[PDB]
There are 2 protein chains.
Amino acid sequence: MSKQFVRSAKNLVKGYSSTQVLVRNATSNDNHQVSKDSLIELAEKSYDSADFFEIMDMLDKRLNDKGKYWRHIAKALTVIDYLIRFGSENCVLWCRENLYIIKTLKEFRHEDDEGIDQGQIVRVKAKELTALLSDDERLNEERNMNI
Amino acid sequence: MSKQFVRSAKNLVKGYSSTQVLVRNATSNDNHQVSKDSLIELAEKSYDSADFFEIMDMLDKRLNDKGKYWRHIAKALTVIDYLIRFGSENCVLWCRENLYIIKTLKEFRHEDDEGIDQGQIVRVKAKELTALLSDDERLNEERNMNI
């Protein structure tokens, strides 16, 4: 039967739009962090009312991932970082609502494959992130010096 | 209000089709493993392009199950074995893309409440399956002599 579309056949089954996929691509399961361009492109779609909502929800679905998928949670936090600094005000306030999800990720355990502390990058980045969040002074200044 | 038929409602509320239900029943949380009949049924329905997609996703939605459901992950693997061995070629190529889910299952931790680990049953069938999967020569010979 047909062949190379099968990658995109998957996303259709679950009903992911290209915006949901670009987030799913940005938070991939490999190691390469997030591409420099993908972030500003998600920064643009953060203003787009429809896309915006698709983005936020996908990160929350990515933040509450298993112990095994440390990289989803690793990349997700860098994405959430780029939006609160470059994207819309909508982005910051969203995080403030479900702030407990980030505070919980401070303590993430995954030293199982096969002993290496892989889940520290998750802990540290979250702690590093929410530190930037809770303060009001350092937020508004960074945004003014970006746009 | 009603009695035994309420079971079907549970599968209704989540919007499960006949095939989506047959997958969940064969790949249930019992230790009896799948039925030989249920295998060739899902192998046959694998040819049907409508059912074909439901199966893969329901097998995928069951491979990333929690620690507690070790029996789901085991049967799901042994199911994919039958389809890569008997069913439509479409199935095999599906697996080649979501190989990241298969590769990671080589290791899997499950301390078993009573004090055991199976645990390995999940680990081992994965290792044994992908080893069969990765080879191009073993596949093409296996199917031609079965059809």
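Listed as the method for this PDB entry is X-ray crystallography; the listed resolution is 2.80 Å.

Visitor: Residues and numbers for the interface of chain B and chain A, please.
Guide: Chain B puts 17 residues into the contact, and the matching count from chain A is 15 residues. Summed over both sides, the interface of chain B with chain A buries roughly 1400 Å², with 56% coming from carbon and sulfur. Linking chain B with chain A are zero salt bridges. If you list the elements that add at least two residues to the side of chain B that touches chain A, you get α4 (49–63), α6 (89–97) and α7 (99–104) of chain B. Sorting elements by how many residues they give to the side of chain B that touches chain A places α6(B) first, with four residues. Considered class by class, the residues forming the side of chain B that touches chain A number seven nonpolar, four polar and six charged.

Visitor: If you had to explain the relation of the copies chain B and chain A to someone new, which residues and values would you point to?
Guide: The operation relating chain B to chain A is a screw motion whose rotation component is 120°, with 0.2 Å of axial translation and a residual RMSD of 0.6 Å. What we have between these two chains is a three-fold relation. Ranked by how close their C-alpha atoms come to the rotation axis, the residues of chain B are headed by B:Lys66, at 4.8 Å.

Visitor: Help me get a handle on the side chain of A:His110, residues and values and all.
Guide: Residues and elements named next belong to chain A. Within the fold, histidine 110 resides in the loop between α7 (99–104) and α8 (120–134). Polar contacts involving the side chain of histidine 110 include one to the main-chain carbonyl oxygen of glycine 67, which spans 3.2 Å. Contact partners of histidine 110, with chain neighbours within four places excluded, come to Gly67, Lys68, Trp70, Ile116, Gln118 and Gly119.

Calculation notes
- Residues numbered from 1 in each chain as written, not as in the entry; some residues may be left out.
- Chains lettered and ligands numbered in written order.
- Heavy atoms only, no water.
- Contact = heavy atoms within 4.5 Å.
- Buried area = accessible area lost by both parts, 1.4 Å probe.
- Salt bridge = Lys/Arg side-chain N within 4 Å of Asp/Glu carboxyl O.
- Helix = DSSP H or I, 4+ residues; strand = E, 2+ residues; numbered from the N terminus.
- Nonpolar A, V, L, I, M, F, W, Y, C, P; charged D, E, K, R; others polar.
- Least-squares fit on C-alpha atoms.
- Polar contact = N/O pair within 3.5 Å; in protein donor to acceptor, adjacent residues only side chain to side chain.

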